[PDB]
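File shown: entry-v5.txt (compact mmCIF, C-alpha atoms and all ligand atoms).
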```
# COMPACT_ATOMS: atom_id res chain seq x y z
CA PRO Z 1 43.13 -7.59 27.77
CA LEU Z 2 44.53 -7.10 24.26
CA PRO Z 3 47.98 -5.77 23.32
CA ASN Z 4 48.38 -2.33 21.81
CA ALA Z 5 49.42 -3.87 18.49
CA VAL Z 6 45.96 -5.33 17.90
CA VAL Z 7 44.26 -2.05 18.82
CA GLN Z 8 46.44 0.22 16.68
CA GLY Z 9 46.50 -2.35 13.87
CA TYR Z 10 50.26 -2.80 13.58
CA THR Z 11 53.06 -4.39 15.55
CA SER Z 12 55.95 -2.06 14.69
CA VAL Z 13 55.22 0.25 11.74
CA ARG Z 14 51.97 1.77 10.55
CA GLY Z 15 51.55 0.91 6.90
CA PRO Z 16 50.10 3.47 4.48
CA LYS Z 17 46.61 2.71 3.19
CA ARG Z 18 45.83 3.41 -0.44
CA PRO Z 19 43.06 6.06 -0.40
CA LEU Z 20 39.69 5.53 -2.03
CA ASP Z 21 39.22 6.47 -5.66
CA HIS Z 22 36.66 9.17 -6.46
CA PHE Z 23 35.94 9.05 -10.22
CA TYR Z 24 35.83 12.80 -10.79
CA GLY Z 25 33.01 14.11 -12.94
CA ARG Z 26 30.33 11.65 -11.87
CA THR Z 27 28.47 10.42 -8.83
CA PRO Z 28 29.95 7.79 -6.49
CA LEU Z 29 28.65 4.27 -7.12
CA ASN Z 30 28.46 2.26 -3.91
CA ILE Z 31 25.94 0.01 -2.19
CA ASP Z 32 24.75 3.08 -0.27
CA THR Z 33 24.83 5.42 -3.30
CA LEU Z 34 21.99 3.86 -5.28
CA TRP Z 35 19.08 6.12 -4.29
CA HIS Z 36 20.52 8.58 -6.83
CA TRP Z 37 19.35 6.14 -9.52
CA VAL Z 38 16.44 4.36 -7.81
CA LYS Z 39 13.99 6.44 -5.80
CA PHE Z 40 10.87 5.05 -4.21
CA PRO Z 41 8.04 4.43 -6.71
CA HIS Z 42 6.30 7.74 -7.39
CA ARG Z 43 5.19 7.67 -11.05
CA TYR Z 44 2.43 5.03 -11.10
CA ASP Z 45 0.81 5.34 -7.67
CA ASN Z 46 -2.67 6.24 -8.90
CA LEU Z 47 -2.42 3.45 -11.45
CA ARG Z 48 -1.47 1.30 -8.47
CA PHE Z 49 -4.71 2.24 -6.74
CA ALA Z 50 -6.71 1.44 -9.88
CA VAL Z 51 -4.95 -1.87 -10.54
CA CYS Z 52 -5.31 -2.94 -6.91
CA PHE Z 53 -9.05 -2.28 -7.13
CA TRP Z 54 -9.41 -4.18 -10.39
CA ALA Z 55 -7.26 -7.08 -9.18
CA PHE Z 56 -9.33 -7.44 -6.01
CA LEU Z 57 -12.56 -7.27 -7.98
CA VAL Z 58 -11.58 -9.71 -10.74
CA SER Z 59 -10.13 -12.18 -8.23
CA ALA Z 60 -13.30 -12.00 -6.15
CA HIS Z 61 -15.44 -12.51 -9.25
CA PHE Z 62 -13.64 -15.59 -10.51
CA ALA Z 63 -13.21 -17.04 -7.01
CA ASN Z 64 -16.92 -16.68 -6.27
CA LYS Z 65 -17.83 -18.23 -9.61
CA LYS Z 66 -15.48 -21.15 -8.98
CA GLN Z 67 -16.80 -21.67 -5.44
CA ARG Z 68 -20.44 -21.53 -6.52
CA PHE F 1 -23.42 14.34 -6.91
CA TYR F 2 -21.85 17.67 -5.97
CA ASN F 3 -25.27 19.17 -5.28
CA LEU F 4 -26.32 16.28 -3.06
CA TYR F 5 -23.09 16.31 -1.06
CA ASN F 6 -23.16 20.10 -0.81
CA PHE F 7 -26.52 19.63 0.89
CA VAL F 8 -25.12 16.81 3.05
CA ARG F 9 -22.55 19.39 4.15
CA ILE F 10 -25.37 21.56 5.52
CA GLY F 11 -27.06 18.83 7.55
CA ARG F 12 -26.35 18.43 11.25
CA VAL F 13 -27.37 14.91 12.34
CA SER F 14 -28.03 12.84 9.23
CA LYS F 15 -24.54 13.44 7.83
CA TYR F 16 -23.07 11.72 10.92
CA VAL F 17 -25.70 8.98 11.42
CA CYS F 18 -27.03 7.75 8.06
CA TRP F 19 -23.63 6.21 7.25
CA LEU F 20 -23.78 3.84 10.24
CA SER F 21 -26.12 1.52 8.30
CA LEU F 22 -23.50 1.15 5.54
CA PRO F 23 -21.13 -1.35 7.28
CA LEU F 24 -24.11 -3.69 7.26
CA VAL F 25 -23.88 -3.74 3.45
CA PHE F 26 -20.33 -5.06 3.64
CA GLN F 27 -21.45 -7.52 6.31
CA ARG F 28 -23.89 -8.95 3.78
CA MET F 29 -21.27 -8.87 1.01
CA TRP F 30 -18.96 -10.98 3.17
CA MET F 31 -21.54 -13.37 4.64
CA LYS F 32 -23.04 -14.10 1.22
CA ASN F 33 -19.67 -15.25 -0.09
CA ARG F 34 -19.13 -17.26 3.09
CA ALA F 35 -22.46 -18.99 2.43
CA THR F 36 -22.00 -19.60 -1.32
CA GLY F 37 -19.65 -22.50 -0.57
CA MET F 38 -20.30 -23.46 3.04
CA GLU F 39 -19.88 -27.17 3.68
CA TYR F 40 -22.85 -28.74 5.46
CA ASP F 41 -24.01 -32.13 6.66
CA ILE F 42 -26.10 -34.03 4.12
CA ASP F 43 -28.16 -35.67 6.86
CA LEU F 44 -29.25 -32.40 8.46
CA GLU F 45 -30.03 -30.85 5.07
CA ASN F 46 -32.20 -33.84 4.15
CA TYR F 47 -33.81 -33.95 7.62
CA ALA F 48 -34.08 -30.19 8.22
CA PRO F 49 -33.97 -28.32 4.90
CA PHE F 50 -34.48 -24.59 5.33
CA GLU F 51 -37.66 -23.23 3.72
CA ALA F 52 -38.06 -26.28 1.50
CA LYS F 53 -41.48 -27.16 0.14
CA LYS F 54 -43.66 -30.10 1.16
CA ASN F 55 -42.21 -30.34 4.68
CA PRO F 56 -45.14 -31.65 6.79
CA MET F 57 -43.60 -30.26 9.98
CA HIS F 58 -44.21 -26.79 8.55
CA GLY F 59 -47.79 -27.65 7.55
CA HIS F 60 -47.51 -28.30 3.81
CA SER C 1 -13.11 0.63 -36.92
CA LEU C 2 -11.23 -1.33 -34.26
CA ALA C 3 -11.30 1.65 -31.88
CA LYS C 4 -15.11 1.63 -31.89
CA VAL C 5 -15.07 -2.11 -31.23
CA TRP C 6 -12.75 -1.63 -28.26
CA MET C 7 -14.95 1.21 -27.00
CA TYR C 8 -18.15 -0.84 -27.15
CA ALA C 9 -16.35 -3.84 -25.62
CA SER C 10 -14.73 -1.97 -22.70
CA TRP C 11 -17.74 0.29 -22.01
CA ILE C 12 -19.27 -2.02 -19.42
CA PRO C 13 -15.99 -2.84 -17.61
CA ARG C 14 -14.77 0.76 -17.57
CA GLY C 15 -18.04 2.13 -16.20
CA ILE C 16 -18.54 -0.02 -13.10
CA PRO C 17 -16.45 2.24 -10.79
CA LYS C 18 -17.17 5.54 -12.56
CA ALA C 19 -20.15 6.22 -10.29
CA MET C 20 -18.20 5.81 -7.05
CA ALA C 21 -15.22 7.66 -8.52
CA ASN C 22 -17.32 10.66 -9.52
CA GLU C 23 -19.09 10.47 -6.16
CA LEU C 24 -15.81 10.66 -4.26
CA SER C 25 -14.49 13.45 -6.49
CA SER C 26 -17.65 15.51 -6.02
CA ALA C 27 -17.87 14.84 -2.28
CA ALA C 28 -14.26 15.99 -2.04
CA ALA C 29 -15.01 19.16 -4.00
CA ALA C 30 -17.98 19.85 -1.71
CA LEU C 31 -17.03 18.77 1.81
CA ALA C 32 -13.31 19.49 1.71
CA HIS C 33 -12.04 22.93 2.62
CA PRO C 34 -11.19 24.90 -0.55
CA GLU C 35 -7.77 25.81 0.85
CA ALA C 36 -6.88 22.11 0.84
CA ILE C 37 -8.04 21.79 -2.77
CA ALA C 38 -6.00 24.84 -3.74
CA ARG C 39 -2.95 23.35 -2.02
CA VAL C 40 -3.52 20.10 -3.92
CA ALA C 41 -3.64 22.01 -7.20
CA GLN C 42 -0.48 23.90 -6.21
CA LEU C 43 1.46 20.74 -5.36
CA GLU C 44 0.33 19.08 -8.58
CA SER C 45 1.58 22.19 -10.39
CA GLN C 46 4.89 21.63 -8.57
CA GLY C 47 5.14 18.09 -9.97
CA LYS C 48 4.50 16.52 -6.56
CA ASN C 49 2.00 13.88 -5.49
CA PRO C 50 -0.07 15.71 -2.84
CA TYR C 51 -1.43 12.44 -1.44
CA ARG C 52 2.08 11.26 -0.57
CA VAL C 53 2.83 14.72 0.81
CA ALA C 54 -0.25 14.56 3.03
CA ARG C 55 0.61 11.06 4.24
CA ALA C 56 4.18 12.13 5.03
CA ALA E 1 52.19 3.75 -25.05
CA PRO E 2 50.86 1.26 -22.50
CA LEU E 3 51.56 -2.32 -23.55
CA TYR E 4 48.86 -3.75 -21.25
CA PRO E 5 45.09 -4.05 -21.80
CA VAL E 6 44.17 -0.62 -20.48
CA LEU E 7 40.84 -0.70 -18.67
CA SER E 8 38.27 1.99 -19.40
CA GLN E 9 37.18 4.50 -16.79
CA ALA E 10 33.61 3.20 -16.75
CA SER E 11 34.69 -0.40 -16.18
CA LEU E 12 36.67 0.70 -13.13
CA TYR E 13 33.69 2.80 -12.05
CA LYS E 14 31.56 -0.34 -12.14
CA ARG E 15 34.11 -2.62 -10.45
CA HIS E 16 34.49 -0.09 -7.64
CA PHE E 17 30.83 -0.72 -6.80
CA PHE E 18 31.69 -4.38 -6.19
CA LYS E 19 35.04 -4.05 -4.39
CA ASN E 20 34.18 -1.00 -2.23
CA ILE E 21 32.01 -3.05 0.14
CA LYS E 22 32.67 -2.92 3.88
CA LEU E 23 31.99 -5.69 6.37
CA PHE E 24 28.92 -4.10 7.96
CA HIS E 25 27.47 -3.45 4.49
CA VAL E 26 27.23 -7.24 4.14
CA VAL E 27 26.61 -8.24 7.75
CA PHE E 28 23.62 -6.08 8.58
CA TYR E 29 22.10 -5.81 5.10
CA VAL E 30 22.07 -9.62 4.78
CA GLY E 31 21.27 -10.27 8.45
CA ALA E 32 18.07 -8.23 8.48
CA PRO E 33 16.27 -10.36 5.83
CA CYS E 34 18.00 -13.40 7.28
CA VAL E 35 17.01 -12.73 10.89
CA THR E 36 13.47 -11.83 9.82
CA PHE E 37 12.85 -14.62 7.30
CA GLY E 38 15.12 -17.19 8.93
CA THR E 39 15.08 -20.16 11.29
CA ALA E 40 14.39 -17.77 14.19
CA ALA E 41 11.34 -15.72 13.22
CA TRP E 42 9.31 -16.62 10.12
CA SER E 43 10.71 -19.66 8.31
CA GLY E 44 11.44 -21.38 11.61
CA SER E 45 8.01 -20.65 13.06
CA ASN E 46 6.26 -21.82 9.88
CA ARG E 47 8.33 -24.95 9.31
CA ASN E 48 8.26 -26.01 12.97
CA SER E 49 4.54 -25.38 13.43
CA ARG E 50 3.92 -27.54 10.36
CA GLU E 51 5.61 -30.52 12.04
CA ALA E 52 3.38 -30.31 15.10
CA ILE E 53 0.31 -29.66 12.94
CA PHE E 54 0.80 -32.77 10.83
CA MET E 55 1.76 -34.88 13.84
CA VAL E 56 -1.56 -33.90 15.45
CA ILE E 57 -3.42 -34.50 12.18
CA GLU E 58 -1.98 -37.93 11.44
CA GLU E 59 -2.58 -38.96 15.06
CA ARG E 60 -6.16 -37.67 15.23
CA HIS E 61 -7.58 -37.70 11.68
CA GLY E 62 -5.06 -39.29 9.30
CA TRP E 63 -2.98 -37.91 6.46
CA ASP E 64 -4.92 -39.63 3.68
CA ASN E 65 -8.31 -38.49 4.95
CA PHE E 66 -6.85 -35.02 5.49
CA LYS E 67 -5.68 -35.06 1.87
CA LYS E 68 -9.20 -36.03 0.79
CA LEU E 69 -10.83 -33.04 2.51
CA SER E 70 -11.13 -29.53 1.11
CA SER E 71 -8.51 -26.82 1.46
CA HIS E 72 -10.86 -24.95 3.80
CA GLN E 73 -11.45 -27.84 6.20
CA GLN E 74 -7.77 -28.68 5.83
CA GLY E 75 -6.91 -25.19 7.06
CA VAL E 76 -9.49 -25.41 9.84
CA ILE E 77 -8.03 -28.64 11.20
CA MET E 78 -4.51 -27.27 10.73
CA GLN E 79 -5.40 -24.21 12.80
CA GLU E 80 -6.96 -26.39 15.50
CA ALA E 81 -3.79 -28.50 15.56
CA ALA E 82 -1.58 -25.42 15.74
CA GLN E 83 -3.63 -24.23 18.72
CA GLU E 84 -3.40 -27.65 20.40
CA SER E 85 0.37 -27.62 19.99
CA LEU E 86 0.96 -24.00 21.01
CA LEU E 87 -1.12 -24.63 24.12
CA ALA E 88 0.80 -27.79 25.08
CA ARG E 89 -1.75 -28.83 27.68
CA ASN E 90 0.25 -32.00 28.41
CA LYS E 91 3.61 -30.25 28.91
CA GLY E 92 2.08 -27.88 31.45
CA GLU E 93 2.05 -25.22 28.72
CA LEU E 94 5.81 -25.32 28.23
CA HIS E 95 7.70 -25.97 24.99
CA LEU E 96 10.56 -27.84 26.65
CA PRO E 97 11.59 -31.51 26.52
CA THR M 1 -3.63 36.84 4.73
CA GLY M 2 -2.67 37.45 1.13
CA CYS M 3 -4.78 39.31 -1.41
CA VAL M 4 -7.97 39.06 -3.43
CA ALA M 5 -7.54 39.85 -7.11
CA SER M 6 -9.71 40.15 -10.20
CA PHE M 7 -8.34 38.68 -13.42
CA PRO M 8 -9.87 37.59 -16.74
CA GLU M 9 -11.76 34.33 -17.02
CA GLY M 10 -10.03 31.12 -18.04
CA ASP M 11 -7.46 28.94 -16.31
CA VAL M 12 -7.19 29.47 -12.56
CA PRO M 13 -3.64 29.79 -11.17
CA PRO M 14 -2.83 26.66 -9.13
CA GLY M 15 -3.04 27.57 -5.45
CA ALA M 16 -5.63 30.33 -5.78
CA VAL M 17 -8.96 29.87 -4.00
CA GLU M 18 -11.83 30.77 -6.31
CA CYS M 19 -14.35 33.26 -4.89
CA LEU M 20 -17.48 32.70 -6.96
CA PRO M 21 -20.86 34.40 -6.54
CA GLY M 22 -22.36 33.06 -3.34
CA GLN M 23 -18.98 32.78 -1.60
CA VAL M 24 -18.88 33.97 2.01
CA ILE M 25 -15.68 35.44 3.42
CA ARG M 26 -15.01 36.21 7.07
CA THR M 27 -12.53 39.10 7.21
CA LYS M 28 -11.62 42.18 9.21
CA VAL M 29 -12.07 45.51 7.40
CA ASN M 30 -10.89 48.67 9.17
CA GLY M 31 -11.02 46.85 12.49
CA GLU M 32 -14.55 45.58 11.82
CA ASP M 33 -15.17 41.84 11.76
CA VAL M 34 -17.34 41.30 8.68
CA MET M 35 -18.75 38.74 6.29
CA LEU M 36 -18.42 39.52 2.59
CA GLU M 37 -20.83 37.70 0.28
CA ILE M 38 -19.88 37.72 -3.39
CA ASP M 39 -22.73 38.81 -5.64
CA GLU M 40 -22.61 39.41 -9.40
CA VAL M 41 -18.99 39.15 -10.38
CA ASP M 42 -18.66 40.86 -13.74
CA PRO M 43 -18.49 38.81 -16.96
CA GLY M 44 -15.19 37.95 -18.57
CA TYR M 45 -13.61 38.16 -15.12
CA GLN M 46 -13.20 36.09 -11.98
CA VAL M 47 -11.99 36.62 -8.42
CA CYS M 48 -9.61 34.51 -6.37
CA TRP M 49 -7.86 34.65 -3.03
CA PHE M 50 -4.09 34.52 -3.56
CA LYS M 51 -2.09 33.59 -0.51
CA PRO M 52 1.50 34.92 -0.49
CA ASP M 53 2.79 31.52 -1.63
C1 LIG Z 101 36.96 -7.87 28.29
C2 LIG Z 101 37.21 -9.20 28.91
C3 LIG Z 101 38.45 -9.85 28.40
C4 LIG Z 101 38.33 -10.23 26.94
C5 LIG Z 101 39.18 -9.30 26.13
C6 LIG Z 101 39.24 -9.62 24.67
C7 LIG Z 101 37.93 -9.32 24.02
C8 LIG Z 101 38.07 -9.49 22.54
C9 LIG Z 101 36.78 -9.26 21.81
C10 LIG Z 101 36.74 -7.88 21.20
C11 LIG Z 101 37.42 -7.92 19.87
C12 LIG Z 101 37.45 -6.63 19.11
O1 LIG Z 101 38.23 -6.91 17.97
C13 LIG Z 101 38.60 -5.81 17.25
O2 LIG Z 101 38.58 -6.21 15.89
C14 LIG Z 101 38.95 -5.15 15.05
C15 LIG Z 101 38.57 -5.49 13.63
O3 LIG Z 101 37.75 -4.48 13.21
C16 LIG Z 101 40.45 -4.83 15.23
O4 LIG Z 101 40.79 -3.77 14.36
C17 LIG Z 101 42.12 -3.71 13.94
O5 LIG Z 101 42.25 -4.24 12.65
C18 LIG Z 101 41.81 -3.40 11.63
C19 LIG Z 101 41.78 -4.11 10.29
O6 LIG Z 101 41.37 -5.41 10.46
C20 LIG Z 101 42.71 -2.17 11.56
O7 LIG Z 101 42.42 -1.43 10.44
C21 LIG Z 101 42.43 -1.37 12.84
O8 LIG Z 101 43.17 -0.22 12.91
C22 LIG Z 101 42.63 -2.25 14.10
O9 LIG Z 101 41.95 -1.71 15.15
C23 LIG Z 101 40.59 -4.33 16.67
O10 LIG Z 101 41.89 -4.08 16.95
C24 LIG Z 101 40.03 -5.38 17.65
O11 LIG Z 101 39.97 -4.82 18.90
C1 LIG Z 102 17.44 -7.17 -10.85
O1 LIG Z 102 18.17 -6.01 -10.60
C2 LIG Z 102 18.83 -5.48 -11.72
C3 LIG Z 102 20.27 -5.14 -11.36
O2 LIG Z 102 20.88 -4.52 -12.45
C4 LIG Z 102 20.77 -3.12 -12.47
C5 LIG Z 102 20.97 -2.61 -13.89
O3 LIG Z 102 21.59 -1.35 -13.86
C6 LIG Z 102 21.82 -0.79 -15.13
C7 LIG Z 102 21.28 0.64 -15.15
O4 LIG Z 102 21.58 1.24 -16.38
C8 LIG Z 102 21.62 2.64 -16.36
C9 LIG Z 102 22.69 3.31 -16.90
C10 LIG Z 102 22.73 4.70 -16.88
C11 LIG Z 102 21.71 5.45 -16.31
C12 LIG Z 102 21.77 7.01 -16.30
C13 LIG Z 102 23.23 7.48 -16.16
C14 LIG Z 102 21.26 7.44 -17.69
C15 LIG Z 102 20.86 7.58 -15.17
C16 LIG Z 102 20.92 9.08 -14.74
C17 LIG Z 102 20.88 10.07 -15.91
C18 LIG Z 102 19.65 9.33 -13.93
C19 LIG Z 102 22.10 9.39 -13.81
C20 LIG Z 102 20.63 4.75 -15.77
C21 LIG Z 102 20.59 3.36 -15.79
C1 LIG Z 103 18.62 -0.78 -5.14
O1 LIG Z 103 19.27 -0.63 -6.37
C2 LIG Z 103 19.02 -1.66 -7.27
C3 LIG Z 103 19.24 -1.18 -8.71
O2 LIG Z 103 20.29 -0.27 -8.77
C4 LIG Z 103 20.77 -0.05 -10.07
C5 LIG Z 103 21.86 1.03 -10.05
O3 LIG Z 103 22.36 1.25 -11.34
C6 LIG Z 103 23.22 2.34 -11.41
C7 LIG Z 103 24.24 2.14 -12.53
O4 LIG Z 103 25.28 3.07 -12.38
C8 LIG Z 103 25.77 3.54 -13.61
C9 LIG Z 103 25.31 4.74 -14.11
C10 LIG Z 103 25.79 5.20 -15.33
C11 LIG Z 103 26.73 4.49 -16.05
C12 LIG Z 103 27.21 5.08 -17.40
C13 LIG Z 103 28.15 4.11 -18.14
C14 LIG Z 103 25.95 5.24 -18.26
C15 LIG Z 103 27.87 6.45 -17.07
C16 LIG Z 103 28.73 7.19 -18.12
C17 LIG Z 103 28.04 7.34 -19.48
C18 LIG Z 103 28.91 8.61 -17.58
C19 LIG Z 103 30.13 6.57 -18.29
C20 LIG Z 103 27.18 3.28 -15.53
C21 LIG Z 103 26.70 2.81 -14.32
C1 LIG Z 104 29.97 -5.35 22.80
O1 LIG Z 104 30.11 -5.29 21.41
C2 LIG Z 104 28.91 -5.41 20.70
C3 LIG Z 104 29.10 -4.92 19.26
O2 LIG Z 104 29.25 -6.02 18.41
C4 LIG Z 104 28.53 -5.93 17.21
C5 LIG Z 104 28.95 -7.08 16.29
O3 LIG Z 104 29.05 -6.62 14.97
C6 LIG Z 104 29.37 -7.61 14.03
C7 LIG Z 104 30.42 -7.06 13.06
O4 LIG Z 104 30.32 -5.67 13.07
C8 LIG Z 104 31.37 -4.95 12.49
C9 LIG Z 104 31.19 -4.38 11.25
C10 LIG Z 104 32.21 -3.66 10.65
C11 LIG Z 104 33.42 -3.47 11.29
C12 LIG Z 104 34.50 -2.64 10.56
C13 LIG Z 104 33.84 -1.28 10.26
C14 LIG Z 104 35.70 -2.35 11.48
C15 LIG Z 104 34.88 -3.40 9.26
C16 LIG Z 104 36.13 -2.98 8.44
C17 LIG Z 104 37.45 -3.46 9.07
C18 LIG Z 104 36.01 -3.69 7.08
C19 LIG Z 104 36.19 -1.49 8.13
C20 LIG Z 104 33.60 -4.04 12.55
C21 LIG Z 104 32.58 -4.77 13.15
```
Output the file's structure as structure tokens, nothing else.
Ligand SMILES: CCCCCCCCCCCCO[C@@H]1O[C@H](CO)[C@@H](O[C@H]2O[C@H](CO)[C@@H](O)[C@H](O)[C@H]2O)[C@H](O)[C@H]1O
Ligand SMILES: COCCOCCOCCOc1ccc(C(C)(C)CC(C)(C)C)cc1
Ligand SMILES: COCCOCCOCCOc1ccc(C(C)(C)CC(C)(C)C)cc1
Ligand SMILES: COCCOCCOCCOc1ccc(C(C)(C)CC(C)(C)C)cc1
Amino acid sequence: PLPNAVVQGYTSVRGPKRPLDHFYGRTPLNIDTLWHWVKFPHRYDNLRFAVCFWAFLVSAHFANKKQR
Amino acid sequence: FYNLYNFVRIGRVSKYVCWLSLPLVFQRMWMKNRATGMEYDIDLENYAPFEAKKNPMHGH
Amino acid sequence: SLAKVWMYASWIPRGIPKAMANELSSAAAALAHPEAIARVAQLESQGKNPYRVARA
Amino acid sequence: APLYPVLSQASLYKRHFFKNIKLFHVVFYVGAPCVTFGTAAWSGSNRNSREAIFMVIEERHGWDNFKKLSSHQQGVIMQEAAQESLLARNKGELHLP
Amino acid sequence: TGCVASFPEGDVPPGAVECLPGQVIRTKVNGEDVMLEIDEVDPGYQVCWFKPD
């Protein structure tokens, strides 16, 4: 279906690929290495519960007053 | 509250039944807000007002 | 002082859920198995959120 | 004694984040929000149900009168129109030409 | 499992299950299934069940 050149990636000679840099002494920085810096929110979860309650309540209050 | 709920812990039937009347509270909470702004026909409200005074069809 | 003014102004807002909050806390202390409460205290001593742990 | 503007280690560390992308890292990561919130699933469904809704409204009630009504009754009539169109009682319940 | 220990009053170690007066404990003592009811823990002291963890 396809010639061997397309599969192996070269017609005659296999060219050397420059390897990937590492940046010794620190973590890799890639699109997939970002969870090292940004975990899921874990610090303000209970504050999230409180603020969700208060937001619901205040919205309901002002909406009911407006409607009435 | 800890005393009351420590006694609720010791019950057998009420601790699994007396809560089933509580959804009804939220039913009222929701229906009241539905009714606070419900749009209605002026003609039916003027012809058939609910529990309005001086309606001769009621008697007074 | 201004702190007293803020206290007397936020008293009525702050206290609307305190009843239900204390009710839930006390009902948890009463109805929940004490081993679960001890595990919660342990996990909070370990810096973890035991609610997220339980959900997971 | 380099005569060129030598680039710091941290600047290269940051540029590597941008140039070390692979094809799949773009394709799938951008296709998931795209396929979900695109002309297929969400944006398409919304924006194509709106057309039928307002066709039904302007045929049955009128756009000006609809504008005069409340947001609640607006939504009620919009939902009725969406149901009328999804049903497609005249097309034999078939969304084809 | 674990152990029951007496230690001075104050802060409870996190993970220990307090065993206050009135606490009932189903255990096995010398092959005998028993209930232990705590009564009159001494002052300046408290008792807790410490699992191995
Ligand atoms: C089967 C019925 C008849 C139809 C036959 C033809 C079908 C063609 C469709 C399949 C195409 C697959 O296409 C595939 O693309 C990749 C790109 O990642 C090529 O990949 C090639 O190039 C890359 C770089 O670009 C090289 O590093 C790699 O070594 C080499 O394999 C494959 O050689 C080719 O096979
Ligand atoms: C809208 O999205 C914003 C995109 O921009 C992201 C901004 O990123 C800058 C982050 O800045 C730093 C720099 C260093 C760090 C350190 C190295 C201190 C984090 C560490 C110690 C956890 C590794 C954290 C954040
Ligand atoms: C989903 O992710 C969205 C937000 O992600 C932000 C990621 O930010 C990470 C930034 O990476 C760094 C970290 C540290 C650094 C410094 C310069 C602080 C490192 C140093 C001091 C070792 C050179 C630079 C870039
Ligand atoms: C029958 O085949 C079905 C599979 O087809 C899936 C289509 O995927 C779309 C593109 O997917 C990719 C993604 C990355 C790549 C590689 C990893 C080869 C990219 C490269 C060359 C940058 C490393 C190849 C194809």
Just the residues within 12 Å of residue M:25, please, counting only C-alpha atoms, with nothing from its chain fewer than 6 positions along; format it as a ChimeraX atom specification. /M:4,17-19,33-39,48-49
Just want the residues within 9 Å of ligand LIG 104 (chain Z), written as a PyMOL selection string, counting only C-alpha atoms and all ligand atoms. chain E and resi 21-28
Write a file of the just-selected residues containing C-alpha atoms, as a PDB file, in the frame of the given file.
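Written out: again-v1.pdb:
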```
ATOM      1  CA  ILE E  21      32.010  -3.050   0.140  1.00  0.00           C
ATOM      2  CA  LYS E  22      32.670  -2.920   3.880  1.00  0.00           C
ATOM      3  CA  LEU E  23      31.990  -5.690   6.370  1.00  0.00           C
ATOM      4  CA  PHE E  24      28.920  -4.100   7.960  1.00  0.00           C
ATOM      5  CA  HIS E  25      27.470  -3.450   4.490  1.00  0.00           C
ATOM      6  CA  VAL E  26      27.230  -7.240   4.140  1.00  0.00           C
ATOM      7  CA  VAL E  27      26.610  -8.240   7.750  1.00  0.00           C
ATOM      8  CA  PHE E  28      23.620  -6.080   8.580  1.00  0.00           C
TER       9      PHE E  28
END
```
*Surrounding residues as a ChimeraX atom specification, ligand LIG 102 (chain Z), max 10 Å, only C-alpha atoms and all ligand atoms*: /Z:26-27,36-38
Please write out the residues within 8 Å of ligand LIG 101 (chain Z) as a CSV table (one decimal) with C-alpha atoms, in the frame of the given file, counting all atoms listed in the file.
```
chain,number,residue,atom,x,y,z
Z,1,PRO,CA,43.1,-7.6,27.8
Z,2,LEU,CA,44.5,-7.1,24.3
Z,5,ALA,CA,49.4,-3.9,18.5
Z,6,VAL,CA,46.0,-5.3,17.9
Z,7,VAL,CA,44.3,-2.0,18.8
Z,8,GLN,CA,46.4,0.2,16.7
Z,9,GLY,CA,46.5,-2.4,13.9
Z,10,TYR,CA,50.3,-2.8,13.6
```
Counting all atoms listed in the file, which residues in chain Z sit no more than 12 Å from ligand LIG 103 (chain Z)? For each one, give the nearest pair of atoms and the distance in Å, sorted by chain then residue number, as JSON lines.
```
{"residue": "Z:23", "atom": "CA", "partner": "Z:LIG103", "partner_atom": "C18", "distance": 10.2}
{"residue": "Z:24", "atom": "CA", "partner": "Z:LIG103", "partner_atom": "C18", "distance": 10.6}
{"residue": "Z:25", "atom": "CA", "partner": "Z:LIG103", "partner_atom": "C18", "distance": 8.3}
{"residue": "Z:26", "atom": "CA", "partner": "Z:LIG103", "partner_atom": "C18", "distance": 6.6}
{"residue": "Z:27", "atom": "CA", "partner": "Z:LIG103", "partner_atom": "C9", "distance": 8.4}
{"residue": "Z:28", "atom": "CA", "partner": "Z:LIG103", "partner_atom": "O4", "distance": 8.9}
{"residue": "Z:29", "atom": "CA", "partner": "Z:LIG103", "partner_atom": "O4", "distance": 6.4}
{"residue": "Z:30", "atom": "CA", "partner": "Z:LIG103", "partner_atom": "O4", "distance": 9.1}
{"residue": "Z:31", "atom": "CA", "partner": "Z:LIG103", "partner_atom": "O1", "distance": 7.9}
{"residue": "Z:32", "atom": "CA", "partner": "Z:LIG103", "partner_atom": "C1", "distance": 8.7}
{"residue": "Z:33", "atom": "CA", "partner": "Z:LIG103", "partner_atom": "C5", "distance": 8.6}
{"residue": "Z:34", "atom": "CA", "partner": "Z:LIG103", "partner_atom": "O1", "distance": 5.4}
{"residue": "Z:35", "atom": "CA", "partner": "Z:LIG103", "partner_atom": "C1", "distance": 7.0}
{"residue": "Z:36", "atom": "CA", "partner": "Z:LIG103", "partner_atom": "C6", "distance": 8.2}
{"residue": "Z:37", "atom": "CA", "partner": "Z:LIG103", "partner_atom": "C5", "distance": 5.7}
{"residue": "Z:38", "atom": "CA", "partner": "Z:LIG103", "partner_atom": "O1", "distance": 5.9}
{"residue": "Z:39", "atom": "CA", "partner": "Z:LIG103", "partner_atom": "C1", "distance": 8.6}
{"residue": "Z:40", "atom": "CA", "partner": "Z:LIG103", "partner_atom": "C1", "distance": 9.7}
{"residue": "Z:41", "atom": "CA", "partner": "Z:LIG103", "partner_atom": "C1", "distance": 11.9}
```
Can you list every residue of chain M that has an atom at most 8 Å from chain C, with its nearest atom pair and the distance in Å to one decimal, using only C-alpha atoms, ordered by chain then number, as a tab-separated table?
```
residue	atom	partner	partner_atom	distance
M:14	CA	C:42	CA	4.7
M:15	CA	C:38	CA	4.4
M:16	CA	C:38	CA	5.9
M:17	CA	C:38	CA	5.8
```
